[PDB]
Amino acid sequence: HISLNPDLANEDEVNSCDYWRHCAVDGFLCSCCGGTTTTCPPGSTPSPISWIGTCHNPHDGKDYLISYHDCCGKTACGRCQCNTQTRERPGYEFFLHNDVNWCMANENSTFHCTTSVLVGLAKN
(Lines of atoms letter the chains of each structure in order from A and count residues from 1; the text may use other names and numbers.)
(Lines give C-alpha, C1' and ligand atoms only; values in the text may rest on other atoms or scores of the structure.)
Protein backbone atom coordinates (compact mmCIF):
# COMPACT_ATOMS: atom_id res chain seq x y z
CA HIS A 1 0.00 0.00 0.00
CA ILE A 2 2.55 2.59 1.19
CA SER A 3 4.74 1.78 -1.84
CA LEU A 4 1.85 2.98 -4.06
CA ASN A 5 1.02 6.17 -2.09
CA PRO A 6 3.86 8.75 -2.36
CA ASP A 7 1.94 11.48 -0.44
CA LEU A 8 2.28 9.43 2.75
CA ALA A 9 5.88 8.34 2.05
CA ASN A 10 9.14 10.14 2.83
CA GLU A 11 9.55 13.27 0.68
CA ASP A 12 13.32 12.77 0.39
CA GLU A 13 12.50 9.32 -1.06
CA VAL A 14 9.87 10.55 -3.55
CA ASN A 15 12.07 13.53 -4.53
CA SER A 16 14.88 11.18 -5.55
CA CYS A 17 15.53 10.04 -9.11
CA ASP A 18 15.93 6.49 -7.74
CA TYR A 19 12.35 6.37 -6.44
CA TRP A 20 10.87 3.33 -8.13
CA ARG A 21 8.10 5.04 -10.08
CA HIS A 22 10.44 7.60 -11.66
CA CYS A 23 12.08 4.99 -13.87
CA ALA A 24 11.60 6.85 -17.20
CA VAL A 25 11.64 10.51 -16.11
CA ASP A 26 13.58 12.98 -18.29
CA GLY A 27 12.89 16.28 -16.54
CA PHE A 28 12.32 17.93 -13.16
CA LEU A 29 10.27 16.05 -10.56
CA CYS A 30 7.10 18.02 -9.91
CA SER A 31 7.17 16.93 -6.24
CA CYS A 32 10.29 19.13 -5.86
CA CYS A 33 8.58 22.03 -7.66
CA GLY A 34 5.71 22.84 -5.30
CA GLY A 35 3.53 20.02 -6.58
CA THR A 36 3.28 16.38 -5.73
CA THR A 37 3.66 13.20 -7.74
CA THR A 38 0.05 13.58 -8.99
CA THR A 39 -0.63 17.34 -8.71
CA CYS A 40 0.90 20.11 -10.75
CA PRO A 41 2.61 22.95 -8.95
CA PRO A 42 0.23 25.92 -8.66
CA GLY A 43 -0.32 27.65 -11.99
CA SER A 44 1.08 24.88 -14.17
CA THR A 45 -1.19 22.90 -16.41
CA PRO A 46 -1.28 19.10 -16.80
CA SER A 47 -0.46 17.64 -20.20
CA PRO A 48 -3.29 15.51 -21.61
CA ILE A 49 -0.69 13.32 -23.31
CA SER A 50 2.48 11.71 -21.97
CA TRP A 51 5.10 9.12 -22.39
CA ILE A 52 4.45 5.96 -20.41
CA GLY A 53 6.90 3.70 -18.57
CA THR A 54 6.61 0.36 -16.83
CA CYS A 55 8.47 0.39 -13.54
CA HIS A 56 9.28 -2.35 -11.10
CA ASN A 57 7.97 -1.90 -7.56
CA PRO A 58 10.72 -3.09 -5.13
CA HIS A 59 8.23 -3.73 -2.33
CA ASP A 60 5.56 -5.94 -3.86
CA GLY A 61 7.73 -7.16 -6.76
CA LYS A 62 5.09 -6.20 -9.32
CA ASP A 63 5.44 -4.02 -12.43
CA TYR A 64 3.28 -0.97 -12.88
CA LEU A 65 2.27 1.30 -15.72
CA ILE A 66 3.38 4.88 -15.00
CA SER A 67 2.10 7.84 -17.09
CA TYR A 68 4.68 10.64 -17.16
CA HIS A 69 2.37 13.59 -17.62
CA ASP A 70 4.04 16.94 -17.59
CA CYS A 71 3.02 20.19 -16.01
CA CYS A 72 3.22 23.00 -18.49
CA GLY A 73 2.90 26.73 -19.08
CA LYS A 74 5.59 27.83 -16.61
CA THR A 75 9.30 28.04 -17.22
CA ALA A 76 11.67 25.30 -16.14
CA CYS A 77 11.40 24.35 -12.49
CA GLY A 78 15.09 23.49 -12.30
CA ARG A 79 14.87 21.21 -9.27
CA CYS A 80 15.33 17.44 -9.07
CA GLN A 81 16.39 16.88 -12.66
CA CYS A 82 16.27 13.21 -13.59
CA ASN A 83 17.20 11.35 -16.76
CA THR A 84 16.16 7.76 -16.14
CA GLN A 85 15.57 5.54 -19.11
CA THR A 86 14.19 2.16 -18.01
CA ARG A 87 12.34 0.67 -21.00
CA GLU A 88 12.53 3.99 -22.84
CA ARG A 89 12.57 3.75 -26.59
CA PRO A 90 13.15 6.11 -29.52
CA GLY A 91 10.60 8.24 -31.28
CA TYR A 92 9.52 5.44 -33.64
CA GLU A 93 7.79 4.02 -30.51
CA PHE A 94 6.64 7.48 -29.64
CA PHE A 95 4.68 6.98 -26.46
CA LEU A 96 7.61 5.21 -24.84
CA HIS A 97 9.95 8.07 -25.75
CA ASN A 98 11.17 10.75 -23.26
CA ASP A 99 13.46 13.02 -25.33
CA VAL A 100 10.44 15.04 -26.49
CA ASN A 101 8.50 17.72 -24.64
CA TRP A 102 5.27 16.03 -23.58
CA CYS A 103 3.85 19.57 -23.15
CA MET A 104 3.95 19.84 -26.98
CA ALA A 105 0.14 19.87 -27.38
CA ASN A 106 -0.70 22.15 -24.44
CA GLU A 107 -2.09 25.61 -24.86
CA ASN A 108 1.31 26.71 -23.67
CA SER A 109 4.04 24.20 -24.40
CA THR A 110 6.69 25.60 -22.05
CA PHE A 111 7.92 22.71 -19.96
CA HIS A 112 7.76 23.10 -16.17
CA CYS A 113 8.14 19.66 -14.58
CA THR A 114 7.29 15.96 -15.00
CA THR A 115 4.94 13.88 -12.78
CA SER A 116 4.88 10.05 -12.36
CA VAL A 117 1.22 9.00 -12.36
CA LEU A 118 0.43 5.43 -11.37
CA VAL A 119 -2.09 3.96 -13.80
CA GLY A 120 -2.13 0.38 -12.49
CA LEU A 121 -0.54 -3.00 -12.84
CA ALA A 122 1.12 -3.74 -16.13
CA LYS A 123 -1.54 -5.28 -18.39
CA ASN A 124 -1.58 -9.11 -18.58
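Note that residue numbering follows the sequence shown and begins at 1.
Taking only CA atoms, the mean B-factor in the PDB entry is higher for 16-24 than for the other of 16-24 and 101-109. Look at the mean CA B-factor for 4-12 and for 113-121 in the entry; the higher one is 4-12. Each of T37, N83, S47, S44 has a CA temperature factor in the record; the biggest one is found at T37.
The residue among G53, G78, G73, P90 whose C-alpha atom has the highest B-factor in the PDB entry is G53. Among the modelled residues of its chain, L65 has a C-alpha B-factor that falls in the highest third according to the deposited record.
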